[PDB]
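What follows draws every value from the coordinates through simple rules; no lab data is involved. When we count neighbours, we look across all protein chains shown, and the Cβ atoms used for this are built from the backbone with ideal geometry, even at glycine.
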């Protein structure tokens, strides 16, 4: 409904970070009205490097 | 091309270690010319135990 794609994937990349995510779908309890979860991430990009 | 098998699996085993790996395929940036990644591991084998 929101991404139009079947089973999606996400990749973020640098030199101090490298990981892939497979979204998990389940009946989680409601917190602020949304049963879904948002998981937040951060990374420091060293000077001259590129993030992707 | 290099392993002849569709979706491969690897298991390493001892008493202080137990894990299975599912190789992730993605378009990672090139470092030394190879877009692939090699992730290195180690474990100490206590005397008398067997690794697998």
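Only one residue in B:34, B:4 is in a loop (DSSP other than H, G, I, E, B) and more than 14 Å from chain A (Cβ to nearest Cβ). Which one? Lay out the reasoning, then the answer.
Details: B:34 fails: more than 14 Å from chain A (Cβ to nearest Cβ).
When all the criteria are applied, what remains is B:4.
Can you give me the number of residues within segment B:7-22 that are part of a loop (DSSP other than H, G, I, E, B), more than 11 Å from chain A (Cβ to nearest Cβ) and farther than 25 Å from residue B:47 by Cβ?
Filtering segment B:7-22 for residues part of a loop (DSSP other than H, G, I, E, B) gives B:7-9, B:14-17, B:22.
Filter again for more than 11 Å from chain A (Cβ to nearest Cβ), leaving B:7-9, B:14-17.
Going one step further and asking which of them are farther than 25 Å from residue B:47 by Cβ, we end up with B:7-9.
Of the residues in segment B:7-22, 3 are part of a loop (DSSP other than H, G, I, E, B), more than 11 Å from chain A (Cβ to nearest Cβ) and farther than 25 Å from residue B:47 by Cβ.
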Query raised in the report: Within segment B:1-47, how many residues are closer than 25 Å to residue A:17 by Cβ and loosely packed, with under 10 Cβ neighbours inside 10 Å?
Result: 14
